[PDB]
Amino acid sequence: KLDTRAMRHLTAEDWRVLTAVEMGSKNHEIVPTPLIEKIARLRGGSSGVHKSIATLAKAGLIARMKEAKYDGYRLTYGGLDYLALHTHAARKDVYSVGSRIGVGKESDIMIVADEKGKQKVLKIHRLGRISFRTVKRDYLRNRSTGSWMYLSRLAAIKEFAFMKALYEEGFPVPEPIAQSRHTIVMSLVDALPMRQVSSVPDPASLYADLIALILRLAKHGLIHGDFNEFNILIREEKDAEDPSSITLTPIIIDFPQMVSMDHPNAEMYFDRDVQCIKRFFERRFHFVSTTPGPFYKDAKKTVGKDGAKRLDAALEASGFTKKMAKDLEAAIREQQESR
């Protein structure tokens, strides 16, 4: 997990040296000691960066690496986390971090609060993470640390861009607030995952709403790619006239895996989303639509007909190379393929 205890022990040039290790690892993974010194130069003028280095090493924000010629330090995952938080703090998006952290298979979910005391969600992407069970909590070593960090950066950038596009089009998604490195700060939605919804008296309405969402997404050029009972939140509201009836409003989250309706495998991704919904509705509410499909060939005819803005171009905006997209999709497909 992630502990933010040390976060306040850190001085101004502890941050500067940490940041210097980050910048110097742009090219190579190990950053030689005298290159930290040069990058960290304030005026400058180190002048006691050597001490900061030990502080950061002790706190596990960087780690010493001795190699044939390259003798220096690398940033750790904790170090990147800290750098992200610092950026959110400095831009005043995050004032405090909650005691409650949700450790997931591909991301960590934290609750944070700003200076006004408003609670928001901090999502930290964790591509590469694997856990080991003893036969009688780690990262998969087919990639270096810098590669996993790079991929999680791409994941956060992608998700944030899609959350912006979707939010501005009027889709029910969290409000995106800020993005730094592998992290996103977004609004806290007052809804819980559909997986745990305790009672649905009218499955057919909710089903129709979810199906309309998949079709609405497709009309805007998108396929969610992980559309299931964990990525659908249900807002519950008691009706004004009688409180016995509860109106249910679905909200969608979790977008680093979204694909365009033009993706070579779009039909498989479309069909898979729909089948996930049907499966869930069959096992959880014993509900089965009499309505066939919807089928991909139907959906594709609808993009982007009428006013439909193509949201699958939000990625072009950032500086997302085709290489970055292939890198990310490969890492993602690998994650979900081995669940």
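Just count from 1 along the sequence shown to find any residue number.
S.K.: Count, per the entry, the deposited residues between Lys136 and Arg137 that are not modelled, and return the matching class: none, 1 to 3, 4 to 9, or 10 or more.
M.R.: In the record, 1 to 3 residues between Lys136 and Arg137 lack coordinates.
S.K.: State which stretch shows the higher mean Cα B factor in the entry: 137-145 or 251-259.
M.R.: Comparing 137-145 with 251-259, the higher mean C-alpha B-factor belongs to 137-145.
S.K.: Between 93-101 and 240-248, point out the one with the higher average CA B-factor as the PDB entry records it.
M.R.: Per the PDB record, 240-248.
S.K.: Looking at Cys276, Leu56, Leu42, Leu311, which has the biggest Cα B factor in the entry?
M.R.: Within the set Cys276, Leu56, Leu42, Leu311, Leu42 shows the top C-alpha B-factor.
S.K.: Should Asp108 be placed in the lowest, middle or highest third of its chain by the C-alpha B factor in the entry?
M.R.: For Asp108, whose C-alpha B-factor we compare with every modelled residue in the chain, the answer is the lowest third.
S.K.: Within this chain, which third does the Cα B-factor at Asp190 fall in: lowest, middle or highest?
M.R.: Tercile = middle for this residue's CA B-factor.
S.K.: Please say which third, lowest, middle or highest, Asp114 falls into when its CA temperature factor is compared across its chain.
M.R.: It falls in the middle third of the chain.
S.K.: Consider only the C-alpha atoms of the modelled residues in this chain, order them by B-factor as the entry records it, and name the third containing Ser199: lowest, middle or highest.
M.R.: It falls in the top third of the chain.
S.K.: Could you say whether, by C-alpha temperature factor, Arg181 belongs to the lowest, middle or highest third of its chain?
M.R.: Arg181: CA B-factor falls in the lowest third of its chain.
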